[PDB]
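So this first bit is one chain, no partners, the form solved without the DNA, shown in structure tokens.
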């Protein structure tokens, strides 16, 4: 499960879809953690955005950022003319305030996300499209 920092507007059709479907999964994990009795103090939350290891733990105190980002994924999803079922954001007010923090990525942090998206593409360019077009070479 990967969270992207790039402009939803610039995601290849495939990464948009992927993200959109995988991000709300975070919300599920914090609900299970909180069902277990965990607090944000119990997670090792990295101070800087990262890609592998504890990439997803990173957003455990960032669910408000995640929620707002869901809105744009859903709307971008729409704008593209994708056939999605689930048109409104998830209510997370059942979750303690401490997990629902906001976040603002440093331009350098976004570049990190950019690259990961950017090298998966070049991996096999013909598997990626944008607005159902093969722009990637």
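Residue numbers count along the first chain shown, from 1.
Just so you know, the form deposited with the DNA bound exists too; it's not on screen, but the next bit is about it.
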item	value
Close approach of residue 93 to the DNA in the entry with it bound, 4.5 Å, heavy atom	no
Contact flag, residue 110 vs the DNA in the entry with it bound, heavy atom cut 4.5 Å	no
Any non-hydrogen atom of residue 114 within 4.5 angstroms of the DNA in the entry with it bound	no
Heavy atom of residue 24 within 4.5 Å of the DNA in the entry with it bound	yes
Heavy atom within 4.5 Å of the DNA in the entry with it bound - qualifying residues of 82-106	82, 83, 84, 85, 86, 88, 90
